[PDB]
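Each remark here refers to the structure printed beneath this line.
Derivation of every value follows stated rules applied to the coordinates shown; laboratory data play no part. Methodologically, a virtual Cβ is constructed for each residue, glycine included, from the backbone with ideal geometry; neighbour enumeration extends over all protein chains shown.
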Amino acid sequence: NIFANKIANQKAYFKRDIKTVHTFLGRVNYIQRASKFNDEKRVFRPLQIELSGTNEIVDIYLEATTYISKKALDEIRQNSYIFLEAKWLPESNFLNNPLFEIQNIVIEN
Amino acid sequence: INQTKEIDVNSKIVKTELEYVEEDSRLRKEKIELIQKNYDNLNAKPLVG
Amino acid sequence: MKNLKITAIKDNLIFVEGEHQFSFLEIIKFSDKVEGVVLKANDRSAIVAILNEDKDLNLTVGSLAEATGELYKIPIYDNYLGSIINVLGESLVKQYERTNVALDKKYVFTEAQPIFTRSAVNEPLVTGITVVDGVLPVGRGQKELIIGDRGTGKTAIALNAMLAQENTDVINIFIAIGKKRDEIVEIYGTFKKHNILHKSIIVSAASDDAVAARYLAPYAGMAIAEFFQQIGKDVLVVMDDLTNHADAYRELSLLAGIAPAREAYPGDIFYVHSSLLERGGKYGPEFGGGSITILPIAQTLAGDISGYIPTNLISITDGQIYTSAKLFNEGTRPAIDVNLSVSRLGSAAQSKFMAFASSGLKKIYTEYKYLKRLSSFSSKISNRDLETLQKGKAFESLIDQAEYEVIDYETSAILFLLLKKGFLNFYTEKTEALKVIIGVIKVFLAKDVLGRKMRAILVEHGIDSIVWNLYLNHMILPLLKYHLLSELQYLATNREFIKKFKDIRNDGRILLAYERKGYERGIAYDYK
Amino acid sequence: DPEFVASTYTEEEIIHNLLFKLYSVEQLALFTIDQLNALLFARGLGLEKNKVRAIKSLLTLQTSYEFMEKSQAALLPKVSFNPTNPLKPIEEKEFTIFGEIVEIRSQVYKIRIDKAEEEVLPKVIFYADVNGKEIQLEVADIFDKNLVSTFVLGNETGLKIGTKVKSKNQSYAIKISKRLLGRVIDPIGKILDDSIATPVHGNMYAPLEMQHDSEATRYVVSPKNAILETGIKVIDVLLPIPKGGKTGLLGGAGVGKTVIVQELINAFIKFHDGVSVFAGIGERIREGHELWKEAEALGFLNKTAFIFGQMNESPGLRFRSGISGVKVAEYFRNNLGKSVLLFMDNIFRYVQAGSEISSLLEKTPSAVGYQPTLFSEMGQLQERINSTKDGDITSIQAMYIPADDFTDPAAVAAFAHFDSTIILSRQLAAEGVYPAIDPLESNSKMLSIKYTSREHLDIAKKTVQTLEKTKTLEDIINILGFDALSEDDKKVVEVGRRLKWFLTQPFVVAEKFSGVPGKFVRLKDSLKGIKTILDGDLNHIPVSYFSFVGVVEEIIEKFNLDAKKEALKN
Ligand SMILES: Nc1ncnc2c1ncn2[C@@H]1O[C@H](COP(=O)(O)OP(=O)(O)OP(=O)(O)O)[C@@H](O)[C@H]1O
Ligand SMILES: Nc1ncnc2c1ncn2[C@@H]1O[C@H](COP(=O)(O)OP(=O)(O)O)[C@@H](O)[C@H]1O
Ligand SMILES: [Mg+2]
Ligand SMILES: [Mg+2]
């Protein structure tokens, strides 16, 4: 099985609170390093996702604030396949691409 | 009236900082791709052909 | 059924009358929720101290009570993990759900296990603090006291030690004695944020709780720790703090008619704490095979170590970490005084690699302090003056550490060896340099396919000088050199940096491609 | 629908809502100095002696999101705060326990119960009627079924053997409502501001009952996350006050704590638009009368609820003042959803009253003769101040340290709860420096990166470092002379002197002593002024110009004016 070894590498993170989320499901074509902007307290990660079923390229940004959120964000590499649920953040009004916060995510590498 | 109005600092800081983060990341990714292609072009020729 | 009647309610104690075979600390039930413990009793009556309080239950003279005929035993439930409980087991804040099936019931005054059930303390306990892990080691089964003034960072040090067990399979128990509920909720939030909530319990007795609850909270915590130890688990217990426990015991004894002794404390205040702290240690395979590590906290007044309770507690534990107010005012965090701090276990509590790495650093630190306080004239002895003024300052820069920052044991050892080999001479008080080095080493030893094996070798076996030199020269130094030259501009012209890193292999071509692939800033071979 | 939206508002509500009216800059330019000053005083920003600066201050206050939110809500139909978990009043009972006094002493009386419909509970109140006057006795110890011991809440004159007493088997209760604002009472609810004793209209609540369904409810709290703005340069820059925490005011006698307390009351009521509760414990009669009169004069009396346990009252009555104040604050937060700033003075007297009550009831004294339940009682008082979904309860408590002995058990008990300590110095006051707050000794837990910016932390750290270094160098200056310093040391000393004198500020309440009008300085203005001073920009100005000003520009303007006058004089 090609996907047999991918099961042992699953990493799942979730929140027990339920908000309105944007669901992304696909491969990570390109992911950059992390930037610290709000007084070196947050983490900014630009993501390029090739979705599933349409194979279109979308660009998003991810924000991390806690230690566990940064740990979950650090698991995303190139060619990683993700089922990510992201809460929209109101800072996208000053951004070219939307800024999101990880609510639930499942990561396989 | 003229002397009263002045440039705000909160919204300016937020917007400026966000645009700086986006420009910095775009510039870094361009420089990374050019640097790597330079490394590839430095060690990419057959010895004998 | 009820067999006792309340006769008097004074001094916050209840005077039950009835004919029964009372025993010390026997649970007496006044309702299905409220119960107390017997302190003193005779052939016709007893004096009881309540542990609970109920709004709908109005205890009064003539009320009925049942003497259950059983000693005070704390029950163990599965949902203790990731929860705040009180001394009777009720879950004040919970993350999971209970099953109403008691896994065990532990007597609170369980006598300490005898000498033949013990073992030597030889396995490190990671506290996440470089100075503590390298100069003041803590072994699994040790009793280390954190003693100091108010607002100096004792609770921060204990929480840091309790955060470093995120991936070590060591249970955490935090007993709060007369603490504020705001701070306890904040600690719960920090536990959840730092991924150790599923591994930790918090026993709480607030400052306005019943005096019996505040007195018996540490014993209930120790009973839970003993339950966990009996199935071969390493338990790390923090008591915050034992001065409040001494005050609670004094209040309970004074209100019960016991005569005051030195400093108004009862006459047996030393026994109360010794029989409590002697329940920790390392036990043999036939008697559980686990360990219990205790980190009691004590507060001094303006540096007065010679206080009654602080000197009682120093003469019980295996060393002390003393937090200085002068260093805290000067801005040093964590403000730990190395001169007044001891660890009687010593290198016996360190791994072989850490013992090799941190050998003879306290002497160099004391020499540096002696020179700094007595420089006197500008006349200089030799280059050894610069040697000391360099290595001591490098060590001092290594001392500083952010709050809630966990620095791994092997990362600390590697930093010590780099310092001792002169690979930090270029430092000129640029915190980002050490931050970069620490992050690179941490990621390399945690995620790299070959770095993970290197870390396992460092943890298990004791390597010699030649193998360590090969390890440093052929993997660690190229990675450090590349990741330093790409972030610090002044390192290009730093004469010491070239003098030390000239012959190191350049690895920019591969680390570039690793960065462009989204890899972390320490992977050098691949992800395991 | 103006008629409909105004139909949901009482006339007093409209009067209050006239404050949150937006004024355009075109209109604002047309006001005079007198109208601008009236607007500033109404909005709590303090007097201003310049036109454009006053317009800028008014615009900055108006452009704030909270002010705009209030102004936008003021033109809408009234929305009522729905109280979740309100305070329930006491239940209606009858006098069910009857008895009489059988033993007398100083402050302690024994009661033997004859006709009881139910067994007596701890802490219940027995009422006695002597010469038409009502005396309350709180129960302490129940010796057996029909014999209890009690201590007086008030005055013990008129009690004797055989005085009949009756009880409802309930603890002491007081009448609480919104009408408590503007009135002065004692812990048990006796009127203290007029001889005819006009009653307070409200419901009877028991301050000793917390009304919690379970203990777990006491752990549903929100840890402090916000900083209260006071308008005082030193407090804002160096010692941020938590919102929902506790700040201690420490010092000897005459350092100036009460003036700070009055200033904070005024600033919270006017600028922050809230409700203030004052709880005096062991309050001197002269000081209480003076503070009441100045509260009436300065205009913050109608939004303050005063509780006074006087110095001459029995220790049992003095002990209950803090509990009554806490109960009033809990009512004003839970029932009305208003943030409350509770003031306590003096905590040392609360501890002393507790010790007195413990000693009177024949209990074994603890160390230094204090009560065995010292820390327990301090926790009981301080644990009901917190921050919940309904609002914030901020506490600012003044303490007296005897002989500057910070290791006294009362002080050690108090520091266990303080979230920010402000320590006053008698030497600094004697130098004429006011508010005479010691910046080096005091510290706040809210001066971190979790709550403040990088700029604020950097400015605070640099200020403290400069002040400590100049304090060190002043001794060298005094001994060896100002010439012995190096070139950098002279600049450091001058910057430190100007920094120290810039931290002084005139208060709007302290106009009685020096006659100087007060000022209100925002956090940004103080930060900018300190940043200007730290760079050495104003190093060409004599130090005497930096004393008792509001903002950095006032010194520059005064120096320029003096230089112009000097140039014209010759
Ligand atoms: N490494 C650190 N870096 C920065 N701040 C720190 C560090 N460690 C502790 N602090 C801060 O120091 C203060 C005191 O810490 P802490 O509450 O742990 O001390 P304590 O000795 O337990 O005090 P208390 O007398 O209040 O019980 C807190 O504001 C905390 O955030
Ligand atoms: N900001 C101030 N400006 C001028 N005088 C002050 C100020 N603060 C306090 N004082 C002085 O303090 C005296 C009253 O002391 P008080 O405020 O009762 O101090 P405490 O309550 O700490 O004993 C007054 O005579 C007054 O002159
Ligand atoms: Mg603490
Ligand atoms: Mg005063």
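Listed values, structure above:
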quantity: Theoretical gain in end-to-end length, residue C:68 to residue C:467 [0.36 nm per residue, Cα-Cα removed]; calculated: 137.1 nm
quantity: Of A:64, A:12, A:86, the one that fluctuates the most in a GNM where chain A has Cα springs shorter than 10 Å; calculated: A:12
quantity: From the C-alpha gyration tensor of segment D:487-570, square roots of 5λ in Å; calculated: 22, 19, 12
quantity: J(HN,Hα) series, segment C:451-460, from Karplus relation 6.51 cos²θ - 1.76 cosθ + 1.60, nearest Hz, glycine and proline x; calculated: x, 5, 5, 4, 5, 4, 4, 5, 5, 7
quantity: Low-density loop positions, GluC sites (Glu not before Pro), segment D:355-397 - DSSP coil, at most 12 other Cβ in 10 Å; calculated: D:362
quantity: Karplus-derived 3J(HN,Hα), 6.51/-1.76/1.60, for each residue of segment C:30-35, Hz, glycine and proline x; calculated: 9, 8, 7, 10, 9, 8
quantity: Shielding by partners, peptide C:508-519 (average Cβ within 10 angstrom, other chains); calculated: 5
quantity: Relative frequency of Cα-Cα separations exceeding 30 Å in chain D, percent; calculated: 58 percent
quantity: Listed residue pairs exceeding 31 Å between alpha carbons, taken from A:41/C:94; A:41/D:51; D:462/D:569; C:393/D:445; C:179/D:190; calculated: A:41/D:51; D:462/D:569; C:179/D:190
quantity: Residue-averaged 222 nm ellipticity for chain C, from DSSP H runs of 4+ at -39500 (n - 2.57), nearest 500; calculated: -11000 deg cm²/dmol
quantity: Folded to 0 to 90 degrees: helix D:454-480 orientation relative to chain D principal axis, Cα; calculated: 80 degrees
quantity: Viscosity 0.890 mPa s, temperature 25 °C, Stokes-Einstein D of segment C:408-528 from Kirkwood C-alpha radius, µm²/s; calculated: 166 µm²/s
quantity: Crossing angle, helix D:315-334 versus chain D [Cα axis fit, 0-90 degrees, rounded to tens]; calculated: 70 degrees
quantity: Cβ-Cβ FRET estimate between residue A:42 and residue B:32, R0 fixed at 35 Å, reported to 0.05; calculated: 0.95
quantity: Nearest-0.05 FRET efficiency for residue D:84 and residue C:404, computed from C-beta distance (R0 45 Å); calculated: 0.85
quantity: Within 10 Å of each Cβ in B:3-9, the average number of Cβ atoms from other chains; calculated: 4
quantity: Partner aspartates and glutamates for residue C:40 [C-alpha distance under 15 Å; skip if fewer than 8 residues away on the same chain]; calculated: C:11, C:17, C:19, C:26
quantity: Cα Rg over Rh - segment C:271-339, Kirkwood; calculated: 1.09
quantity: Average other protein chain Cβ within 10 Å of Cβ, residues C:177-184; calculated: 5
quantity: Spherically averaged projected area of segment C:1-143 from its Cα convex hull (nm²); calculated: 13.3 nm²
quantity: Residues C:56, C:11, D:129 arranged by fewest to most Cβ contacts within 10 Å; calculated: C:56, D:129, C:11
quantity: Qualifying chymotrypsin sites (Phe, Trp or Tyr not before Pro) in segment C:226-335, DSSP loop, other Cβ atoms within 10 Å at most 13; calculated: none
quantity: Residue-averaged [θ]222 nm for chain D, counting only DSSP H segments that reach four residues, each worth -39500 (n - 2.57); calculated: -11500 deg cm²/dmol
quantity: Virtual paramagnetic centre 7 Å along Cα→Cβ of residue D:514, amide N under 20 Å, in segment D:465-495; calculated: none
quantity: Helix D:487-502 vs. chain D, principal-axis angle (Cα, 0 to 90°, nearest 10); calculated: 50 degrees
quantity: Over segment D:167-293, relative contact order from alpha-carbon pairs under 8 Å, at least 6 apart, %; calculated: 15 percent
quantity: Ranking of C:126, C:132, A:21, C:101 by count of other Cβ atoms within 10 Å, fewest first; calculated: C:101, A:21, C:126, C:132
quantity: Whole-number D in µm²/s for chain A (Stokes-Einstein; Kirkwood sum over Cα pairs; 25 °C, 0.890 mPa s); calculated: 171 µm²/s
quantity: Residue-count net charge about residue D:470 - beta-carbon cut-off 13 Å; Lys, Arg +1, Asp, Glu -1; calculated: +2
quantity: Qualifying trypsin sites (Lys or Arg not before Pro) for segment D:67-134 [loop in DSSP, other Cβ within 10 Å: at most 14]; calculated: D:78, D:93, D:105, D:123
quantity: Least to most buried among D:272, D:201, D:540 (fewest other Cβ within 10 Å first); calculated: D:540, D:201, D:272
quantity: Segment residue D:537-residue D:134, extension gain: residue separation times 0.36 nm, minus the distance between their alpha carbons; calculated: 138.3 nm
quantity: Which listed pairs, of C:143/C:233; D:243/D:450; A:36/D:243, have C-alpha distances above 20 Å, in listed order; calculated: A:36/D:243
quantity: Segment C:208-280, relative contact order [Cα under 8 Å, separation at least 6], %; calculated: 32 percent
quantity: Sum of side-chain charges, residue D:390 neighbourhood, beta-carbon under 12 Å (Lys, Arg +1; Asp, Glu -1); calculated: +1
quantity: Reduced Cα scattering model of segment C:228-326, Debye log10 I(q)/I(0), q = 0.17, 0.21, 0.22 Å⁻¹; calculated: -0.84, -1.08, -1.13
quantity: Residue D:66-residue D:403 pseudo-label distance in nm [points 7 Å out on the Cα-to-Cβ vector]; calculated: 4.4 nm
quantity: Paired Rg and Dmax values of the protein assembly as shown, which use every Cα atom, in angstrom; calculated: 33.9, 123
quantity: Relative contact order, percent, chain C [alpha-carbon distance under 8 Å, six or more residues apart]; calculated: 14 percent
quantity: Virtual paramagnetic centre 7 Å along Cα→Cβ of residue D:105, amide N under 19 Å, in segment D:343-378; calculated: D:353-366, D:369-373
quantity: Karplus 3J(HN,Hα) series, Hz, for segment D:70-82 with 6.51 cos²θ - 1.76 cosθ + 1.60 (x for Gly, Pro); calculated: 5, 5, 5, 6, 5, 10, 10, x, 4, 10, 9, 5, 8
